[PDB]
Amino acid sequence: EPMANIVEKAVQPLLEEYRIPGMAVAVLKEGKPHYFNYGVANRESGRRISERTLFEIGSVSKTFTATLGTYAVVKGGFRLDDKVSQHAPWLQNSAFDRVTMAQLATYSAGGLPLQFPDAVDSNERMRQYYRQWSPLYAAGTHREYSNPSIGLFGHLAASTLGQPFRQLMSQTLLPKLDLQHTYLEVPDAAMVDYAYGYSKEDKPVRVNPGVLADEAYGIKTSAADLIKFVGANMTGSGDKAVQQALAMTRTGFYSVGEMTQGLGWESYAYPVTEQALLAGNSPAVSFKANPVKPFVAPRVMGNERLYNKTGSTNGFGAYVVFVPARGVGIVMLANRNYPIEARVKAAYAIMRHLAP
Ligand SMILES: *C(=O)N1C[C@H](NOS(=O)(=O)O)CC[C@H]1C(N)=O
């Protein structure tokens, strides 16, 4: 039962039902990446999808943001249990005197919403938004997945090292991870590689700037670079501080059902049922506030576990999953924003074949 036939069997129903123009799949197994490419980057250009095509990975970006944050912890910028206002004096006498940096990163500050209100379109309006925000829940008790929440975490983390987020990401973290095809903004020389997204109206679309977009959803990368980042999260980085940063993202803070929330990555005990993996990625978890089952203290989660993250933009749909103990990772990048349940079912089938 060859890998190639397992991947085809899992992916073809996606390509068919969702009319996906282009998909790049990368599988890491036995210490080597394997690439499976389908379709086109741009319906109005000749270049086919390859493992070098750049896709918008949307909220998978939060795994990079989390790693920048833990890098700042390693470098002494802050501690995860610090109050947010320690690092943002403009938030003195706000909710953020009680919220911790870890709670921002884990969407548990107390009901920060999925998106900023549309009116928040500048740095000053962003600052005012956080100053004015009235919590819905006590700090730490509820998970409400939130771009403003992890966005502020990344912004403040970089500030503790005296740098803008984009600078620290592009000049320190990505180079130390040796990621040469990963961008917050795609440079001119790489534009030939940048796919277009295809919206639910079948129109070609690209992500536009937004408040804390870099932190929450802004990375463009290839399947080759993203599977390299997955590998770093399994067998490590040769940069000592980056390795400490990567390891620290495995810190779990609470659970919701069978899912444990870490920094960026969400994880499950492995073996994991398909039902549990679907539930943890479902709208009931992703787009509703859920009361958490708290941990007494944050806990490093282990190798015998499945780590994952979904992400989407207008016209793009990404999913990444890996099991460190098994040495298997899967990256699926598409230029259609197709259903998360379908991403999960396909990846689950591939994973069950490669880690029975
Ligand atoms: C992430 O890609 N963004 C935030 C949120 N992510 O939740 S998901 O991974 O379950 O899709 C919704 C989609 C997206 C966004 N529109 O900001």
# chains A, B, ... in the order shown; residues from 1 in each chain; ligands from 1
$ select_by_dssp --residues "stretch 159-310 of chain A" --states "strand (DSSP E)" --output "number ranges by chain"
A: 182-183, 197-198, 204-205, 220-221, 251-256, 259-261, 266-269, 290-291, 293-300, 305-310
$ closest_atom_pairs --of "chain A" --to "ligand 1" --cutoff "7 Å" --atoms "only C-alpha atoms and all ligand atoms" --output "JSON lines"
{"residue": "A:58", "atom": "CA", "partner": "ligand 1", "partner_atom_place_in_ligand_line": "2 (O)", "distance": 3.9}
{"residue": "A:59", "atom": "CA", "partner": "ligand 1", "partner_atom_place_in_ligand_line": "2 (O)", "distance": 3.2}
{"residue": "A:60", "atom": "CA", "partner": "ligand 1", "partner_atom_place_in_ligand_line": "2 (O)", "distance": 6.4}
{"residue": "A:114", "atom": "CA", "partner": "ligand 1", "partner_atom_place_in_ligand_line": "4 (C)", "distance": 6.9}
{"residue": "A:115", "atom": "CA", "partner": "ligand 1", "partner_atom_place_in_ligand_line": "17 (O)", "distance": 6.8}
{"residue": "A:147", "atom": "CA", "partner": "ligand 1", "partner_atom_place_in_ligand_line": "4 (C)", "distance": 6.2}
{"residue": "A:217", "atom": "CA", "partner": "ligand 1", "partner_atom_place_in_ligand_line": "2 (O)", "distance": 5.7}
{"residue": "A:281", "atom": "CA", "partner": "ligand 1", "partner_atom_place_in_ligand_line": "10 (O)", "distance": 6.3}
{"residue": "A:286", "atom": "CA", "partner": "ligand 1", "partner_atom_place_in_ligand_line": "10 (O)", "distance": 5.2}
{"residue": "A:309", "atom": "CA", "partner": "ligand 1", "partner_atom_place_in_ligand_line": "9 (O)", "distance": 6.7}
{"residue": "A:310", "atom": "CA", "partner": "ligand 1", "partner_atom_place_in_ligand_line": "9 (O)", "distance": 4.0}
{"residue": "A:311", "atom": "CA", "partner": "ligand 1", "partner_atom_place_in_ligand_line": "2 (O)", "distance": 3.4}
{"residue": "A:312", "atom": "CA", "partner": "ligand 1", "partner_atom_place_in_ligand_line": "2 (O)", "distance": 3.8}
{"residue": "A:313", "atom": "CA", "partner": "ligand 1", "partner_atom_place_in_ligand_line": "16 (N)", "distance": 5.4}
$ closest_residue --among "A:68, A:179, A:334, A:14" --to "residue A:232" --atoms "only C-alpha atoms"
A:179
$ closest_residue --among "A:263, A:18, A:211, A:220" --to "residue A:101" --atoms "only C-alpha atoms"
A:263
$ atom_distance --atom1 "atom CA of residue A:28" --atom2 "atom CA of residue A:331"
8.7 Å
$ select_by_dssp --residues "stretch 112-322 of chain A" --states "alpha helix (DSSP H)" --output "CSV table (one decimal) with N, CA, C and O atoms, in the first residue's frame"
chain,number,residue,atom,x,y,z
A,123,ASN,N,-3.2,52.0,14.3
A,123,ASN,CA,-2.5,51.7,15.6
A,123,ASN,C,-3.2,52.4,16.7
A,123,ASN,O,-3.5,51.8,17.8
A,124,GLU,N,-3.6,53.7,16.5
A,124,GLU,CA,-4.3,54.4,17.6
A,124,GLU,C,-5.7,53.8,17.9
A,124,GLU,O,-6.0,53.6,19.1
A,125,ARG,N,-6.4,53.4,16.9
A,125,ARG,CA,-7.7,52.8,17.1
A,125,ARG,C,-7.5,51.4,17.8
A,125,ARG,O,-8.4,51.0,18.6
A,126,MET,N,-6.5,50.7,17.4
A,126,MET,CA,-6.2,49.4,18.1
A,126,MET,C,-5.9,49.6,19.6
A,126,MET,O,-6.4,48.9,20.4
A,127,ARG,N,-5.0,50.6,19.9
A,127,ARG,CA,-4.7,50.9,21.3
A,127,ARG,C,-6.0,51.2,22.1
A,127,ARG,O,-6.2,50.7,23.2
A,128,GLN,N,-6.8,52.1,21.5
A,128,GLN,CA,-8.1,52.5,22.2
A,128,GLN,C,-9.0,51.3,22.4
A,128,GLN,O,-9.7,51.1,23.4
A,129,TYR,N,-9.1,50.4,21.3
A,129,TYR,CA,-9.9,49.2,21.4
A,129,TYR,C,-9.5,48.4,22.7
A,129,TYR,O,-10.4,48.0,23.4
A,130,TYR,N,-8.2,48.1,22.8
A,130,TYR,CA,-7.8,47.3,24.0
A,130,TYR,C,-8.0,48.0,25.3
A,130,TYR,O,-8.4,47.4,26.3
A,131,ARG,N,-7.8,49.3,25.3
A,131,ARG,CA,-8.0,50.1,26.5
A,131,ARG,C,-9.5,50.1,27.0
A,131,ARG,O,-9.7,50.1,28.2
A,132,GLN,N,-10.4,50.1,26.0
A,132,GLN,CA,-11.8,50.2,26.3
A,132,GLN,C,-12.5,48.8,26.5
A,132,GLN,O,-13.7,48.8,26.9
A,147,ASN,N,-8.2,36.5,17.0
A,147,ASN,CA,-7.1,37.2,16.3
A,147,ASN,C,-6.5,38.4,17.1
A,147,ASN,O,-5.3,38.5,17.4
A,148,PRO,N,-7.4,39.3,17.7
A,148,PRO,CA,-6.9,40.3,18.6
A,148,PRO,C,-6.1,39.8,19.8
A,148,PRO,O,-5.1,40.4,20.2
A,149,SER,N,-6.5,38.6,20.3
A,149,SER,CA,-5.8,38.1,21.5
A,149,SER,C,-4.3,37.7,21.2
A,149,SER,O,-3.4,38.2,21.8
A,150,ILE,N,-4.2,36.8,20.3
A,150,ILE,CA,-2.8,36.3,19.9
A,150,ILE,C,-2.0,37.4,19.2
A,150,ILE,O,-0.8,37.5,19.3
A,151,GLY,N,-2.8,38.3,18.5
A,151,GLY,CA,-2.1,39.4,17.9
A,151,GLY,C,-1.4,40.3,18.9
A,151,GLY,O,-0.3,40.7,18.7
A,152,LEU,N,-2.1,40.7,20.0
A,152,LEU,CA,-1.5,41.5,21.0
A,152,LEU,C,-0.3,40.8,21.6
A,152,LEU,O,0.7,41.4,21.9
A,153,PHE,N,-0.5,39.5,21.9
A,153,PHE,CA,0.6,38.7,22.4
A,153,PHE,C,1.9,38.8,21.5
A,153,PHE,O,3.0,39.1,22.0
A,154,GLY,N,1.8,38.6,20.2
A,154,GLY,CA,2.9,38.8,19.3
A,154,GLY,C,3.5,40.1,19.3
A,154,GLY,O,4.7,40.3,19.3
A,155,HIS,N,2.6,41.1,19.2
A,155,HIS,CA,3.1,42.6,19.2
A,155,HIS,C,3.9,42.9,20.5
A,155,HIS,O,5.0,43.5,20.4
A,156,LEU,N,3.3,42.5,21.6
A,156,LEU,CA,4.0,42.8,22.9
A,156,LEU,C,5.3,42.0,23.0
A,156,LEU,O,6.3,42.5,23.5
A,157,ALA,N,5.2,40.7,22.7
A,157,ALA,CA,6.4,39.9,22.8
A,157,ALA,C,7.6,40.5,22.0
A,157,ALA,O,8.7,40.6,22.6
A,158,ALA,N,7.4,41.0,20.8
A,158,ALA,CA,8.4,41.6,20.0
A,158,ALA,C,8.9,42.9,20.7
A,158,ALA,O,10.1,43.2,20.8
A,159,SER,N,8.0,43.6,21.2
A,159,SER,CA,8.3,44.9,21.9
A,159,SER,C,9.2,44.6,23.1
A,159,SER,O,10.0,45.5,23.4
A,160,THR,N,9.1,43.5,23.8
A,160,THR,CA,9.9,43.2,25.0
A,160,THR,C,11.4,43.0,24.6
A,160,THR,O,12.3,43.2,25.4
A,165,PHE,N,7.3,43.5,15.5
A,165,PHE,CA,7.1,42.1,15.2
A,165,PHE,C,7.7,41.7,13.8
A,165,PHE,O,8.3,40.7,13.7
A,166,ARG,N,7.4,42.5,12.8
A,166,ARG,CA,7.8,42.1,11.5
A,166,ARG,C,9.3,42.0,11.4
A,166,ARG,O,9.9,41.1,10.7
A,167,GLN,N,10.0,42.9,12.0
A,167,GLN,CA,11.5,42.9,12.0
A,167,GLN,C,12.0,41.6,12.7
A,167,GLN,O,12.9,41.0,12.2
A,168,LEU,N,11.5,41.4,13.9
A,168,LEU,CA,12.0,40.2,14.7
A,168,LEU,C,11.7,38.9,14.0
A,168,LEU,O,12.6,38.0,13.9
A,174,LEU,N,12.9,33.7,11.4
A,174,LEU,CA,12.9,33.0,10.2
A,174,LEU,C,14.3,32.6,9.7
A,174,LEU,O,14.6,31.5,9.3
A,175,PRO,N,15.3,33.6,9.8
A,175,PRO,CA,16.7,33.2,9.4
A,175,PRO,C,17.3,32.1,10.3
A,175,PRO,O,17.9,31.2,9.8
A,176,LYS,N,17.0,32.2,11.6
A,176,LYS,CA,17.5,31.1,12.5
A,176,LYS,C,16.9,29.8,12.3
A,176,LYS,O,17.5,28.8,12.5
A,213,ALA,N,-2.4,41.7,11.3
A,213,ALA,CA,-2.5,40.6,10.4
A,213,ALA,C,-1.2,39.8,10.4
A,213,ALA,O,-1.3,38.6,10.3
A,214,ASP,N,0.0,40.4,10.5
A,214,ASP,CA,1.2,39.7,10.6
A,214,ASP,C,1.2,38.6,11.6
A,214,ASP,O,1.6,37.4,11.4
A,215,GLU,N,0.7,39.0,12.8
A,215,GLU,CA,0.7,38.1,14.0
A,215,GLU,C,-0.3,37.0,13.9
A,215,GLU,O,-0.1,35.8,14.3
A,216,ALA,N,-1.5,37.3,13.3
A,216,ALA,CA,-2.7,36.4,13.4
A,216,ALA,C,-2.8,35.5,12.1
A,216,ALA,O,-3.3,34.4,12.3
A,217,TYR,N,-2.5,36.0,11.0
A,217,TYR,CA,-2.8,35.3,9.7
A,217,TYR,C,-2.0,35.6,8.5
A,217,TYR,O,-2.4,35.3,7.4
A,223,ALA,N,5.1,24.6,0.7
A,223,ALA,CA,5.0,23.3,1.4
A,223,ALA,C,6.4,22.8,1.8
A,223,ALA,O,6.5,22.2,2.9
A,224,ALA,N,7.4,23.1,1.0
A,224,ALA,CA,8.7,22.7,1.4
A,224,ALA,C,9.2,23.5,2.6
A,224,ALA,O,9.8,22.8,3.5
A,225,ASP,N,9.0,24.8,2.7
A,225,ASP,CA,9.4,25.5,3.9
A,225,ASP,C,8.5,25.0,5.1
A,225,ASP,O,9.0,24.9,6.3
A,226,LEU,N,7.2,24.9,4.9
A,226,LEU,CA,6.4,24.6,6.1
A,226,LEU,C,6.7,23.2,6.6
A,226,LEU,O,6.7,23.0,7.8
A,227,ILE,N,7.0,22.2,5.8
A,227,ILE,CA,7.4,20.9,6.3
A,227,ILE,C,8.7,20.9,6.9
A,227,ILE,O,9.0,20.1,7.9
A,228,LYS,N,9.6,21.8,6.5
A,228,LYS,CA,10.9,22.1,7.2
A,228,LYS,C,10.6,22.6,8.6
A,228,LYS,O,11.2,22.2,9.6
A,229,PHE,N,9.7,23.5,8.8
A,229,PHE,CA,9.3,24.0,10.1
A,229,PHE,C,8.6,22.9,11.0
A,229,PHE,O,8.9,22.8,12.2
A,230,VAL,N,7.8,22.1,10.3
A,230,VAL,CA,7.3,20.9,11.1
A,230,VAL,C,8.5,20.0,11.6
A,230,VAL,O,8.5,19.6,12.7
A,231,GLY,N,9.4,19.7,10.7
A,231,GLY,CA,10.6,19.0,11.1
A,231,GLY,C,11.3,19.6,12.3
A,231,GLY,O,11.7,18.9,13.2
A,232,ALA,N,11.5,20.9,12.3
A,232,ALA,CA,12.1,21.6,13.4
A,232,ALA,C,11.4,21.3,14.7
A,232,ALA,O,12.0,21.2,15.7
A,233,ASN,N,10.1,21.3,14.6
A,233,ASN,CA,9.2,21.0,15.7
A,233,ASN,C,9.2,19.5,16.2
A,233,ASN,O,8.5,19.2,17.2
A,234,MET,N,9.9,18.7,15.4
A,234,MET,CA,10.0,17.2,15.8
A,234,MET,C,11.4,16.8,16.2
A,234,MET,O,11.6,16.3,17.3
A,235,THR,N,12.3,17.1,15.4
A,235,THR,CA,13.7,16.7,15.6
A,235,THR,C,14.6,17.9,16.0
A,235,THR,O,15.8,17.6,16.4
A,240,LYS,N,20.4,26.9,19.7
A,240,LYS,CA,20.0,26.6,21.0
A,240,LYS,C,18.8,27.3,21.5
A,240,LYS,O,17.8,26.8,22.1
A,241,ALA,N,18.8,28.6,21.3
A,241,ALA,CA,17.7,29.5,21.8
A,241,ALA,C,16.4,29.2,21.0
A,241,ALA,O,15.3,29.2,21.5
A,242,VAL,N,16.5,29.0,19.7
A,242,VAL,CA,15.4,28.6,18.9
A,242,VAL,C,14.8,27.3,19.3
A,242,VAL,O,13.6,27.1,19.4
A,243,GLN,N,15.7,26.3,19.6
A,243,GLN,CA,15.2,25.0,20.1
A,243,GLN,C,14.4,25.2,21.4
A,243,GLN,O,13.4,24.6,21.5
A,244,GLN,N,14.9,26.0,22.3
A,244,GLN,CA,14.2,26.2,23.5
A,244,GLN,C,12.8,26.9,23.2
A,244,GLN,O,11.8,26.6,23.9
A,245,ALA,N,12.8,27.8,22.2
A,245,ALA,CA,11.5,28.4,21.8
A,245,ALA,C,10.6,27.4,21.3
A,245,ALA,O,9.4,27.4,21.6
A,246,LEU,N,11.1,26.5,20.4
A,246,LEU,CA,10.2,25.5,19.8
A,246,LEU,C,9.6,24.6,20.8
A,246,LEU,O,8.4,24.3,20.8
A,247,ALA,N,10.5,24.1,21.7
A,247,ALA,CA,10.0,23.2,22.8
A,247,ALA,C,9.0,23.8,23.6
A,247,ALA,O,8.0,23.2,24.0
A,248,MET,N,9.1,25.1,23.9
A,248,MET,CA,8.2,25.8,24.9
A,248,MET,C,6.8,25.9,24.3
A,248,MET,O,5.8,26.1,25.0
A,274,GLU,N,-10.6,9.9,15.1
A,274,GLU,CA,-11.0,10.9,14.1
A,274,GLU,C,-12.1,11.8,14.7
A,274,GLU,O,-12.1,13.0,14.5
A,275,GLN,N,-13.0,11.2,15.5
A,275,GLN,CA,-14.1,11.9,16.1
A,275,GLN,C,-13.6,13.0,17.0
A,275,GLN,O,-14.1,14.2,17.0
A,276,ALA,N,-12.6,12.7,17.8
A,276,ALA,CA,-12.0,13.7,18.7
A,276,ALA,C,-11.3,14.8,17.9
A,276,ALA,O,-11.4,16.0,18.3
A,277,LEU,N,-10.6,14.5,16.9
A,277,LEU,CA,-9.9,15.5,16.1
A,277,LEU,C,-10.8,16.4,15.3
A,277,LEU,O,-10.6,17.6,15.2
A,278,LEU,N,-11.9,15.8,14.8
A,278,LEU,CA,-13.0,16.6,14.2
A,278,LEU,C,-13.6,17.6,15.2
A,278,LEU,O,-13.8,18.8,14.9
A,279,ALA,N,-13.9,17.1,16.4
A,279,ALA,CA,-14.6,17.9,17.4
A,279,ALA,C,-13.7,19.1,17.8
A,279,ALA,O,-14.2,20.2,17.9
A,280,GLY,N,-12.5,18.8,18.0
A,280,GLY,CA,-11.6,19.9,18.5
A,280,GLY,C,-11.3,21.0,17.4
A,280,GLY,O,-11.0,22.1,17.8
A,283,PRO,N,-16.7,24.1,14.5
A,283,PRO,CA,-17.1,25.4,14.9
A,283,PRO,C,-17.5,25.5,16.4
A,283,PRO,O,-17.4,26.6,17.0
A,284,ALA,N,-18.0,24.5,17.0
A,284,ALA,CA,-18.4,24.5,18.4
A,284,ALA,C,-17.2,24.8,19.3
A,284,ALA,O,-17.4,25.4,20.4
A,285,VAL,N,-16.0,24.5,18.9
A,285,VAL,CA,-14.8,24.9,19.6
A,285,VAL,C,-14.1,26.1,19.0
A,285,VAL,O,-13.6,27.0,19.7
A,286,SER,N,-14.1,26.3,17.7
A,286,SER,CA,-13.4,27.4,17.0
A,286,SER,C,-14.1,28.7,17.1
A,286,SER,O,-13.4,29.8,17.1
$ closest_residue --among "A:173, A:186, A:289, A:207" --to "residue A:72" --atoms "only C-alpha atoms"
A:173
$ closest_residue --among "A:261, A:236, A:221, A:84" --to "residue A:106" --atoms "only C-alpha atoms"
A:261
$ atom_distance --atom1 "atom CA of residue A:36" --atom2 "atom CA of residue A:324"
21.4 Å
$ atom_distance --atom1 "atom CA of residue A:205" --atom2 "atom CA of residue A:265"
27.0 Å
$ residues_around --residues "stretch 337-350 of chain A" --least-positions-apart "2" --cutoff "9 Å" --atoms "only C-alpha atoms" --output "ChimeraX atom specification"
/A:3,6-7,9-11,13-14,18,20,197-200,273-274,277-278,281-282,310-321,330-332,334-335,352-355
$ closest_residue --among "A:74, A:105, A:56, A:177" --to "residue A:264" --atoms "only C-alpha atoms"
A:105
